Amino acid sequence: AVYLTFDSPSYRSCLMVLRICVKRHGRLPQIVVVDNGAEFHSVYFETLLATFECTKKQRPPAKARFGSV
DNA sequence: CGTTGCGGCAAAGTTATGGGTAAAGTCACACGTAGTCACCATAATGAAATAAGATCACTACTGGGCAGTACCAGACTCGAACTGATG
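- In the PDB archive, cryo-EM is given as the structure determination method for this entry, at a resolution of 3.65 Å.

### Concerning the pattern of salt bridges
Then, in step 1: The tally for this structure, following the rule as stated, stands at 1 salt bridge.
Then, in step 2: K56 is paired through a salt bridge with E46; the nearest N and O atoms lie 3.2 Å apart. Residue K56 is located in strand β2 (residues 55-57), and its partner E46 is located in helix α2 (residues 43-52); the two are separated by 10 residues in the primary sequence.
Then, in step 3: Classification of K56 by relative accessible area gives partly exposed; the value is 22%.

### Examining the protein's contact with DNA strand B
Then, in step 1: Close to DNA strand B lie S8, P9, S10, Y11, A38, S42 and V43.
Then, in step 2: At 3.4 Å from a sugar or linking oxygen of DNA strand B is found a main-chain nitrogen or oxygen belonging to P9.
Then, in step 3: Within the backbone of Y11, an N or O atom sits 3.1 Å from a phosphate oxygen of DNA strand B.
Then, in step 4: Tallied by class, the residues present in the surface near DNA strand B amount to 4 nonpolar, 3 polar and no charged.

### Points about the environment of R24
Then, in step 1: Position of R24 among the secondary structure elements: in helix α1 (residues 12-25).
Then, in step 2: In the structure, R24 is positioned 29 residues away from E53 in sequence and 20 Å away in space, judged by C-alpha atoms.

### Here we look at α1
Then, in step 1: Look at α1: 20 Å from first C-alpha to last across 14 residues, which is about the 20 Å you get at 1.5 Å a residue.
Then, in step 2: All of the buried residues along α1 are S13, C14, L18, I20 and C21. Buried residues of α1 fall within an arc of 155° about the axis and therefore sit on the same side. Along α1, the residues that are exposed and aim more than 90 degrees away from the buried face are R19 and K23.
Then, in step 3: Buried positions along α1 lie against α2.

Definitions and limits used
- Residues numbered from 1 in each chain as written, not as in the entry; some residues may be left out.
- Chains lettered and ligands numbered in written order.
- Part of a larger assembly, values for the part shown.
- Heavy atoms only, no water.
- Salt bridge = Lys/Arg side-chain N within 4 Å of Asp/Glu carboxyl O.
- Helix = DSSP H or I, 4+ residues; strand = E, 2+ residues; numbered from the N terminus.
- Buried < 20%, exposed > 50% of the residue type's maximum accessible area, 1.4 Å probe, protein only.
- Near = heavy atom within 4 Å.
- Polar contact = N/O pair within 3.5 Å; in protein donor to acceptor, adjacent residues only side chain to side chain.
- Nonpolar A, V, L, I, M, F, W, Y, C, P; charged D, E, K, R; others polar.
- Expected span 1.5 Å × (residues − 1).
- Arc of directions from axis to C-beta.
- Contact = heavy atoms within 4.5 Å.

Quick look at the structure:
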């Protein structure tokens, strides 16, 4: 899923990419890595991942190879 | 006896490695790197509201006393009269 918005990183971002994911494809990941953003340390994204049963994985700060691909 | 192959010995030959010295390269000085949302818990009021509390008003139930009435004598006081001593 690809999303484009003028705003800085904020949940809306996340609702969106995941909406399209669950829209044109069908479901959603199983383990979703996501750096140590704020959009990911928020309550909304974690609650949504819990609701849809996605294992949330977090790379350590300043390390980029963990999401290198 | 002479010749031929083989092996020890000791320079000599070839790589390698850590030093020194001039000399070809290399690259920044050219105004600039810090700067900006996103993030969710805690204090912190101010308002919203409380749940109980406070008082009014009415209804019914039950203690219960005061101004007044009434009798039966006992007892002190005194009009009115009786009666004796007297100067």
